[PDB]
Structure formats: structure tokens, C-alpha cells
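Only one structure is covered here, and it is reproduced in the block below.
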Amino acid sequence: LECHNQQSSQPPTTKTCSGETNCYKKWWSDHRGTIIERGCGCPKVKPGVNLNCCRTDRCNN
């Protein structure tokens with residue numbers, strides 16, 4: 001299973017999930033801009049931050 005590892009508006013990327021079978025996508029706003037952090041797995045984010053987990057390849061794009 002592949003999950004996007006691209007940050008912010010940066011170039012769309014992907015990475016192989018090891019031991020994981022879900023893709024997560026984190027994104028939030030800041031005084032500097034909207035930060036976006038994606039990767040393999042389904043980690044936990046703090047209050048205010050957005051997170052989306054799915055069981056689809058490059059679903060966390």
C-alpha cells in the first residue's frame with residue numbers, strides 16, 4: 001500500500017507503508033500558511049489539526 005508523503009502544496013509524492021495498511025493526511029492552518037503532512041499509517045494529531053485515514057492506495061493525497 002502506498003501513501004502520499006507530500007507536504008503542504010509541495011510536489012505530490014508517495015511512500016511504501018511498512019507494517020501499515022492505511023494512509024493518513026494531516027493539514028492545518030498557520031500564520032505562515034497551511035501546513036500539510038501526509039504519510040503511511042494512521043497516526044494521531046492534536047486538536048485543531050486535521051487528519052484523514054483511509055485504506056486506499058494514494059488515498060491520502
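Identifiers for the C-alpha cells are assigned positionally: chains receive A, B, ... in sequence, residues are indexed from 1 per chain, and ligands are indexed from 1 in the order shown.
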Might you pull out every residue within 6 Å of residue 23 of chain A, with only C-alpha atoms counted and same-chain residues fewer than 2 positions away left off, and present them as a ChimeraX atom specification? /A:3,40-42,53-54,60
Determine, counting only C-alpha atoms, which protein, DNA and RNA residues have an atom within 9 Å of an atom of residue 2 of chain A; residues of the same chain fewer than 4 positions away are not included. Present the result as a list in words.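 The residues satisfying every condition are residues 14, 15, 16, 17, 21, 22, 23, 39, 40, 56, 57, 58 and 59 of chain A.
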Spatial neighbours of residue 10 of chain A, max dist 12 Å, only C-alpha atoms, sep filter under 3 positions, as a tab-separated table (two decimals) with N, CA and C atoms, in the first residue's frame:
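And here's part.tsv as it stands now:
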chain	number	residue	atom	x	y	z
A	4	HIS	N	0.66	9.00	0.18
A	4	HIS	CA	1.31	10.25	-0.17
A	4	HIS	C	2.10	10.77	1.02
A	5	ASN	N	3.30	11.27	0.73
A	5	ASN	CA	4.16	11.81	1.77
A	5	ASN	C	4.46	13.27	1.47
A	6	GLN	N	3.75	13.81	0.50
A	6	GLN	CA	3.93	15.19	0.10
A	6	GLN	C	3.45	16.13	1.22
A	7	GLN	N	4.20	17.21	1.40
A	7	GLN	CA	3.86	18.19	2.42
A	7	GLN	C	3.30	19.45	1.78
A	13	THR	N	3.96	13.30	-3.66
A	13	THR	CA	4.87	12.17	-3.54
A	13	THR	C	4.16	10.97	-2.91
A	34	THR	N	-0.87	27.18	5.22
A	34	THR	CA	-1.48	25.89	5.52
A	34	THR	C	-0.45	24.77	5.43
A	35	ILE	N	-0.18	24.16	6.58
A	35	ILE	CA	0.79	23.08	6.64
A	35	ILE	C	0.07	21.75	6.40
A	36	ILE	N	0.68	20.93	5.56
A	36	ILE	CA	0.12	19.63	5.24
A	36	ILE	C	1.19	18.56	5.40
A	37	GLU	N	0.87	17.57	6.23
A	37	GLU	CA	1.80	16.48	6.48
A	37	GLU	C	1.10	15.13	6.29
A	38	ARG	N	1.55	14.40	5.28
A	38	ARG	CA	0.97	13.10	4.99
A	38	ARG	C	2.04	12.01	5.09
A	61	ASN	N	-3.80	11.63	-0.51
A	61	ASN	CA	-3.16	12.58	-1.40
A	61	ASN	C	-3.80	13.96	-1.22
One decimal, in Å: what's the spacing between atom CA of residue 52 of chain A and atom CA of residue 27 of chain A?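 For atom CA of residue 52 of chain A relative to atom CA of residue 27 of chain A, the distance reads 9.0 Å.
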Go through chain A and collect every residue that DSSP, computed from the backbone, puts in strand (DSSP E); the answer should be as a PyMOL selection string. chain A and resi 2-3+15-16+23-28+35-40+50-54
Just the number, please: distance in Å from atom CA of residue 11 of chain A to atom CA of residue 45 of chain A, one decimal.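 For atom CA of residue 11 of chain A relative to atom CA of residue 45 of chain A, the distance reads 22.6 Å.
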Which residue of A:47, A:1, A:20, A:8 approaches residue 33 of chain A most closely, using only C-alpha atoms: A:8
